[PDB]
Amino acid sequence: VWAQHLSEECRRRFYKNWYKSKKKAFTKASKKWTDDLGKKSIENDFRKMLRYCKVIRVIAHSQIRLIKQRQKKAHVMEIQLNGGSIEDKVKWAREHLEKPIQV
Amino acid sequence: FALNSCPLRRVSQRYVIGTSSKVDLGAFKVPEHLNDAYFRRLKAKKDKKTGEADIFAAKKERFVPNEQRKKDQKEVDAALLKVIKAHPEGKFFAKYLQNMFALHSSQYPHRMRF
Amino acid sequence: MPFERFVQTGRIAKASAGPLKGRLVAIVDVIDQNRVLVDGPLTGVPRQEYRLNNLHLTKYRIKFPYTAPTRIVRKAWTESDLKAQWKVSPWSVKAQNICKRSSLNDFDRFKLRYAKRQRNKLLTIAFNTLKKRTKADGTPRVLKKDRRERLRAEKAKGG
Amino acid sequence: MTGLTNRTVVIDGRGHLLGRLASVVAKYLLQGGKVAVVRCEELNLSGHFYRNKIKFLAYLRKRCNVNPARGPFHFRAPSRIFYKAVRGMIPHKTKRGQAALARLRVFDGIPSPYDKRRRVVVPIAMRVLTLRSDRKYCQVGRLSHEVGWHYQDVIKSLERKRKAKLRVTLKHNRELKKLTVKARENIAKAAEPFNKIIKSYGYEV
Amino acid sequence: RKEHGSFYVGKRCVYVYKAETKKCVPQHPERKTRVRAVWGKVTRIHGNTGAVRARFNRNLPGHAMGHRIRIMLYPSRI
RNA sequence: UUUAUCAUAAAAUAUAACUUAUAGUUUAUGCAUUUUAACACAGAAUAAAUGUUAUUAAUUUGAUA
RNA sequence: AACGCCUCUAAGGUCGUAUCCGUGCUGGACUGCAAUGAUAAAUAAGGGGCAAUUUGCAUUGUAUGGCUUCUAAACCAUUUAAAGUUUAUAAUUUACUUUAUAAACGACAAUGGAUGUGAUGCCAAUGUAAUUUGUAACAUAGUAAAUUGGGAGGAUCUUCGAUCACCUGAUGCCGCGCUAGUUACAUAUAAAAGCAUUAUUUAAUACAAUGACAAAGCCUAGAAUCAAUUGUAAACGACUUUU
């Protein structure tokens, strides 16, 4: 499950040429938060983690343009949450979608 | 042929599987002019009895089927059907011929009391 | 001691694997761990010995001395009346697929296995014979109580 | 399905001996076979555990010395302990006997449709027809755990998942037969119905 | 067992398979020719448990191992 | 051999009394009854089962030709 | 315990190594597996999916002599070659749990099978095969189906896995077509003269599967690489980056 808005710094792992492109990721499959979805799209996709899964890991950017490099293209990383009763882990990860976490 | 769509044809004992018991035919006439020699294909005279004649392909000279044969067919299948309904309807007596052998569970090709 | 089959004189045993297959013999004595004597007068088996792995045991003891000759086993075999109470033994009916389902000629089969469509076409339409929660009524049974009036009253349709 | 018998013969591995179930299956797979053996963590091995400990621990020290990666790859599942057998019993260096292990799928912990499809027992290879009293046996469940199989309690919890919903699909079916034995009552006056089958069975009435 | 495969001795077994060509007409009762058959005849018994040998017309190309041949039921003693 | 007849033996277990034992049983620690697979060669009687002699009934038996 | 007794052992439980096995760590079924994102050019026309596809041609795979079919509904919940299993019953109890009492089965014939283990089809014919055959009379039984919102429901390298089966709100009225039995009646079909017929066993019907064409609406409007740059990298490729 992805958050709907993502930084242009950090939709840049998904491209090997970004100047050249038309910037079309994640343009389609981020409309799932704007359709009905409450019976169909995403609340099912968060139901699935409460029941089947055992390990919930979370996906994070790094705001690398604060680092002043010539790089401008992010680093995506799966961090595992480790707090109990994975009913918690799906609500912790549903809170902190699109919101920063600092060291 | 009325029942099973099968005329008075002629088969070997090699191509046939005789079941256990009988059907009673105690007073059947078996109208003995149905000889083996009586029923060749008649014939291919190599052309139309004139001797040394012409031909085009795809002739139909072998299968009417015979008008006299349809009188012999309605004689037996009259008299056979008065018999075969009067049997005790067992496994193979009345509507009981009419289905297409392919066998089933717990039974045989090997070593049966067939 | 849950009183299993005992090899004891003369526990009545029905043989399989050897040439006395299908014969109800009587034990007379014990020769070995693995062999016994055997004597069934009424079932037609004279006094042999027999490999114990071949004969299987039934619930029928009968009393003789262990030194008995056949004539007094024969006296005892009829006196306790085995012959009538064995052909009703509760799975000696299940012997008789040997006399009925074994080879079941092809002057038997079709009739005996065409009625299984007769029986089943009257069984599947004996389904949705339903009580479980619907009851009542499970719409669209506005139309089907007319069909279900032919289960209850049944004059004439619904309703 | 349809084939030389079906397109599968599902065998439960529970309670069977590892090498008699192998040479039955490697013979049948060369007949044109299609087996699919499930529950491989349950195959019994003869001898006690410290007999088969030592023998699997000797087959893993056989590695190449020049470069160990080339040397015998020692697979540690239970289903690969058994698939290793059915390659000793198959001509696996031929294009005939390589299509004979490509009929063999072998699973350990009975998944995905081989949990509704009927699976059968091979009484020639059962333990309790073959192995005596007093004789200790093993299971390939604990052999693979003590030689490094990291998924033993994975599949034990997955078993209890499909053991648990088996009780939901039997209590669907235990009462449903109770409907049939009531549905059997209304047909005793069908026409002349049951007489033609009961006169050849009758032992189940 | 060997009394079982002693039934089939003498039966014209056939091995049936397919090929890309027709190359031939329907000459006797209608022939499409996509199906090839090598006719044979079962000869004797083989195993001690009911396998069987069969001499064929040509000789069975051995990528036919494990593929079905059809033992016929004709020519039949009863 | 086996079935069968004979005469005696001598009777080693099985039908065929009633002990005691055993627990479960009742009634007031015993009895009353119940299973004795505890079961007193505990007895009678029977099997003359077993023991002796002899003969055999479609004279019964296989293998070997 | 054997072996009236002792005994670390025969059955059973334990204590336990710098060893062994695993984790941690490095490589990754070279090119395994899962998740995911985008899905072209054009925007006139096209190209690309949806798709059973609806519309034909035409092939393969097949049940191949109408169906030598099968079903993709179960037989323990540590185990024990006598080992015990079911069944009611009474109590107990989430539970066929637990317990008692009583049964059956006597490791047979049988059960390794057809309980065809939600009870298979071997077909609606009321003449059934390499096509389908019609209509009344009588008896019981009495199905199968098609349109609308909320829930609970389902993931093991999948035969189609953001869908999904049941169930309630509720739309509605098939009242289209059920079937079994008894009896009557209405036709059509079917016969390849081969009378010691088989052959490179066709093939259908149907099932399913693509394939390609003119045929059929919908949906769709991205990238990678090279070249240039970088210097976290460098023999070369390759990797990290940038417009």
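Per the deposited record, determination of this structure is attributed to cryo-EM, with the resolution reported as 3.5 Å.

Caption draft 1: Quick look at the arrangement of the chains. The interface with the most contacts, out of 5 pairs of chains in contact, is the one formed by chains B and C. One finds no contact linking chain B with chain D; the least C-alpha distance across the pair is 10 Å. No part of chain C reaches chain E; the closest C-alpha pair between them is 13 Å apart.

Caption draft 2: Looking closely at the nonpolar core. Of all hydrophobic cores here, the largest spans 31 residues; its most connected members are D:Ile11, D:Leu21, D:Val25, D:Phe82, D:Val86 and D:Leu104. Elements that contribute at least two residues to this core include exactly α1 (20-28), α3 (78-88) and α5 (140-145) of chain D. Sorting elements by how many residues they give to this core places α3(D) first, with 5 residues. In contact with D:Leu104, not counting residues within four places along its chain, are D:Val25, D:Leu29, D:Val35, D:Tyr83 and D:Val86. Core analysis: the next-biggest nonpolar cluster, separate from the first, contains 12 residues, C:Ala13, C:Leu20, C:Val36 and C:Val45 among them.

Caption draft 3: A look at the pairing of strand β2 (residues 35-45) of chain E. In this sheet, β2(E) lies alongside strand β1 (residues 13-18) of chain E in antiparallel orientation, the contact comprising 5 bridges. Within β2(E), the position partnered with E:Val16 by the bridge is E:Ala37.

Caption draft 4: Main features of the protein's contact with RNA strand F. All names here are of chain C. For RNA strand F, the full set of nearby residues is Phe3, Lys63, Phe64, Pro65, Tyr66, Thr67, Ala68, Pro69, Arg71 and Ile72. In RNA strand F, atoms within 4 Å of the protein come from the sugar-phosphate backbone in 83% of cases. Here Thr67 contributes a backbone N or O atom positioned 3.2 Å from a sugar or linking oxygen of RNA strand F. Within the side chain of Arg71, an N or O atom sits 2.7 Å from a phosphate oxygen of RNA strand F. A breakdown of the residues in the surface near RNA strand F according to their chemical character gives 7 nonpolar, 1 polar and 2 charged.

Caption draft 5: Here's a closer look at the sheet that holds β2(E). All names here are of chain E. If you walk across this open sheet you meet the 4 strands as β3-β2-β1-β4, and the pairing is antiparallel. The open sheet terminates on both sides in strands that have one partner only, identified here as β3 (52-56) and β4 (69-71). If you compare each strand with its neighbour and ignore which way they point, the axes differ by 35° on average. The pairing of β1 with β4 spans 3 bridges and is antiparallel. For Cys13, the partnering residue across the bridge sits in β4 and is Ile71.

Caption draft 6: Broad picture of the packing of aromatic side chains. All names here are of chain C. If you walk through the whole model with that rule in mind, you get 15 aromatic pairs over all chains. Measuring from centroid to centroid gives 5.8 Å for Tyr60 and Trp86, while their planes differ by 70°, and the two rings are edge-to-face. One end of the pair, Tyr60, is in strand β5 (residues 55-60); the other, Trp86, is in helix α2 (residues 82-86), and 26 residues separate them in sequence. Accessibility classification places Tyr60 together with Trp86 in one group, the buried group.

Caption draft 7: Spotlight on the protein's contact with RNA strand G. Looking at RNA strand G, there are 165 residues lining it, with A:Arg12, A:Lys48, B:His104, C:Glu4 and D:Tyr137 nearest. In the interface set of RNA strand G, defined as its atoms within 4 Å of the protein, sugar plus phosphate atoms amount to 56%. In the environment of RNA strand G, a base nitrogen lies 3.0 Å from a nitrogen or oxygen atom belonging to the backbone of D:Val128. In the model, a base oxygen of RNA strand G is placed 2.6 Å from a nitrogen or oxygen of the E:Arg70 side chain. In terms of residue count, the dominant contributor to the surface near RNA strand G is helix α3 (residues 109-121) of chain C (7 residues). Per-class residue counts for the surface near RNA strand G are 61 nonpolar, 35 polar and 69 charged.

Parameters and conventions
- Here the residues of each chain are numbered from 1 in the order the sequence is written, which can differ from the numbering of the entry; residues without coordinates are not included.
- Working convention: letters from A go to chains and numbers from 1 go to ligands, in the order in which they are written.
- In this view, a larger assembly is represented only partially, and all stated values concern the represented chains.
- The side-chain quantities take in all heavy atoms of the structure and omit both hydrogens and water.
- In this description, contact between two residues means that some pair of their heavy atoms is separated by no more than 4.5 Å.
- Buried residues of nine kinds, namely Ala, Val, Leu, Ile, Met, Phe, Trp, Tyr and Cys, make up a nonpolar core once their side-chain atoms join them within 4.5 Å.
- Each residue is placed in one exposure class: buried if its accessible area under a 1.4 Å probe, protein chains only, is under 20% of its type's maximum, exposed if it is over 50%, and partly exposed if it falls in between.
- Secondary structure elements are taken from DSSP: a helix is a run of H or I of four residues or more, a strand is a run of E of two residues or more, and numbering for both begins at the N terminus.
- Each pair of strands is called paired provided DSSP finds at least two bridges between the two strands.
- Proximity criterion: a residue is near a molecule or strand once any of its heavy atoms comes within 4 Å of it.
- The term polar contact refers here to a pair of N or O atoms within 3.5 Å; inside protein, the definition further demands a hydrogen-donor-capable atom paired with an acceptor-capable atom, and it admits residues adjacent in sequence only when both atoms are side-chain atoms.
- Just so you know the grouping, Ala, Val, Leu, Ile, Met, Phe, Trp, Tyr, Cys and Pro go in nonpolar, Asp, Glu, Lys and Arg go in charged, and all remaining residues, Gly too, go in polar.
- Between N-to-C directions, angles span 0 to 180 degrees; the directions come from axes that are lines fitted to C-alpha atoms, helices contributing only their stretch in contact.
- Pairs were defined over the aromatic rings of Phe, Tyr and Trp, the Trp ring being its six-membered one, requiring ring centres within 6.5 Å. Orientation was assigned from the angle between planes: stacked under 30 degrees, edge-to-face over 60, tilted for the rest.

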